[PDB]
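Here you'll find one protein chain in two forms, each presented separately as structure tokens under the names structure 1 and structure 2.
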Structure 1
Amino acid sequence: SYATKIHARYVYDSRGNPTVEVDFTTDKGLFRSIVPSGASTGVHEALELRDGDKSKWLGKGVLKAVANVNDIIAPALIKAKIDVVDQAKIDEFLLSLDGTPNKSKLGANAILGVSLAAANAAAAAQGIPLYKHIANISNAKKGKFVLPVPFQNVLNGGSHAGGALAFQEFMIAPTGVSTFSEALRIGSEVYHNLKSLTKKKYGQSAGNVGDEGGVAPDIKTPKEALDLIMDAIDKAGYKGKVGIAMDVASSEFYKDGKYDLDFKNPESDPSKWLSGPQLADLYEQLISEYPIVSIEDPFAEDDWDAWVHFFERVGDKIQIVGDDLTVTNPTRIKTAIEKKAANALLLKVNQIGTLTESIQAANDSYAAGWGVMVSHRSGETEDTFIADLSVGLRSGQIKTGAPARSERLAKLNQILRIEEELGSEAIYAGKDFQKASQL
């Protein structure tokens, strides 16, 4: 099976900004993939190509990226007649057209849609589900399929919501149940309880949501957020069954070698900005005070010494996830493994730009004993690729939003479909999320 037609268009993401959609046609039909887009994007991410025409979409058009697909990538790839099942060859071909380390000739947002749609087409060519094709090409361990713990960002801050809260994501992780369906039900019940409690304490507007569907109360401290979530877990009836995770996204508030926990205040007092050591101490206290099982981007994207020190302190007690640190990039992951800076990778296909490189990132992580959490971006779409990716890679953990806003539920609903299809051939990762690939 090879591409007969490849056509790109722009569509609107969940924030109302344009992004790239690719239609990849073979003998088996038309396969569509849509590229997501971040807000708190790491400086080391592959290039997201935007038009910069201030008169259209506030400079956020993707007409140039779409044209790169239609006029450069499409005719070259179609001429090549590459078997879509050979994902590595598809991706090698796409990388050859760009020839830059950060995909800055064509744009990662031109390349990725083609890479992902090829994988969908390949699944169809073999008459297998996408998650099985991914398990094949990633060399996942053979046995039961592992369904991921849904890490649900139920309270949004940082760059994803207006208000004072600096830390980006406060997540629940329903690890203390035996099935994915139960975990999603519990997440939805805790979330609804949280919405009710948030409106009662902070007013109706606090129950409106951030970019990823979490409630967005205007609060200044992590303690206030965590206390709210603990109350929701308790009032929903699931005390002791629900872990908490954070994405600090600390690069967003790293200034003058320090960390501003009031960074959205134009008049933030710089005498109150924390050093690396001061911020590390705050985490150690929170990890003791709350059932926090995972912290992501606790220090800035190149603040290696701070990660290394913190890992020495608490790496055996919690999952420590690289996101902006690692940017789903094997070269950065190598450095992080050598330095002992983290013990898990946040896997974002659009940080690196091809499925093959994303899978290499995952396998490099697994080889080092790391966990992998497959992730959405804050600018998401109706695309559901990451659901199948999370299952195929046997990650045992996915981050794809609060159980609100359908760019989030679309992924969670797809896992429900996968769970039903597999029946007893699947197990839910549950408490084993961190080492799920080995199960």
Structure 2
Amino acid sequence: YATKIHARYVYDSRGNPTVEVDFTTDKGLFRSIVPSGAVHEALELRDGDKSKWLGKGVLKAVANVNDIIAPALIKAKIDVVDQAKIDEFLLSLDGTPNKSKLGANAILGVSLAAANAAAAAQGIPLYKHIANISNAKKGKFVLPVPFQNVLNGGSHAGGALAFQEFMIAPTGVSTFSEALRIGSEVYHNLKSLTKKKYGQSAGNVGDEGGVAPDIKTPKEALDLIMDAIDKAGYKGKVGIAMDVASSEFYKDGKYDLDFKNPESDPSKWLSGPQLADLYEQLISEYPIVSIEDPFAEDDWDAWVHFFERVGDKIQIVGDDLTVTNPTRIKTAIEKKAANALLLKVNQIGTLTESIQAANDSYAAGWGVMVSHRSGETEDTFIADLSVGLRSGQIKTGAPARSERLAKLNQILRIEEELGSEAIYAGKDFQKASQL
């Protein structure tokens, strides 16, 4: 099926090189771009030549595709519709467990481009191919709740605020079109309120499109967002999600909510139980629907205890905890540490393994939030992935840079194409695969 496979480098949304693959069949040319990657994830290959792109070149990974993968896969004459055989072959070219000989970024571009070639071979949209090969439940397609970054903290902002991301989730409407419109309106009201309260510069955006004013406390951030939802006119219709990224402030088995302060008073660092009390207070006060990485990546007991406290009424999402890694995912399921997975395809390195991880999550009753990376591209693959996997949830940025909006625009085209055969996940996003 594959008659020509060619890779090149292009630039990602932060100005760093990444791998793009042209995958040619008799049905035409199909292109994928790998987002930015990285002990638990598959390893992206960077060149390390400090004199070019500050060591971030990907000419070696590009060459691994053109010089090793392309002639091997072409010679194998594998039907691109058989995604599992394509990926099984890809993995046979690299014997390391983390794809470190060829590069996760070299392997993944080929995996994804073949999926695009296969959809066209069958005359179906990519999300329908993905629904087929992941064995999604038949019925109406489910369009995802966009979990939209609006406000950034932690490592991404000055001021004391320790939590890394605050997102809006427009769940209280009946269509994805309305959800995205309300999301854009709330985001614009938040930018306006941010500039007035924190100054004009505070309205300049970070890597994922959100703002990063100098905020002190979680309550201040959450109040700001609540103010934007109300001023935009959608009080009661917009949930809030947090990505705490608490590994960044885990110290001596406690949690330093002033970790950016070099004088941080250690007598105020919170135990596991005290941080759970704090989250439970915030849950009592705000329409928080999902919390990502509330406890540190290896603080397993803290996750399990917290999940028994709040797990039946809020989504708890592993990111640093699970790293789209089968062994870690199986651990978290068996421990009952969480009930939802961030799915980063370039953390695992092939589409088949990604679909496996998503299906193992669904089988445990977990949710799946298909996720962007900080270094994104104009590629829209994860939009079709979230629809095809029936995840009902996607995390792909603020509504404010086109490597973010390109995914959301693609779901707009999917929604229009499907018409009455699609359903917006709305408040049912946690269990959307079962709708």
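Every residue number counts along structure 1's sequence, beginning with 1. For clarity, a rigid core is taken as the largest C-alpha set superposing within 1.5 Å between two forms.
- Item | Residue from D86, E92, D71, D269 whose Cα, after superposing the rigid core, lies 2 Å or more away between structures 1 and 2 | Flagged residue: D269.
- Cα displacement of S250 between structures 1 and 2 reaching 2 Å, rigid core superposed: Comparing the forms between structures 1 and 2, which are aligned on their rigid core, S250 does shift its C-alpha by 2 Å or more.
- Query: 2 Å or more on the CA of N136 between structures 1 and 2, with the rigid core superposed, yes or no?
  - Reply: Comparing forms between structures 1 and 2, the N136 CA shifts below 2 Å.
- Does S159 move its CA by 2 angstroms or more between structures 1 and 2 when the core is aligned? After core superposition, the displacement of the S159 C-alpha between structures 1 and 2 reaches the 2 Å mark, so yes.
- Message: Can you give me the Cα shift for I287 between structures 1 and 2? Core-superposed, in angstrom, one decimal please.
- Response: Spelling it out: core superposed, C-alpha of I287 shifted, distance 1.8 Å.
- Query: How much does the C-alpha of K220 move between structures 1 and 2, in Å, given a rigid core overlay?
  - Reply: Rounded to one decimal, the shift is 3.3 Å.
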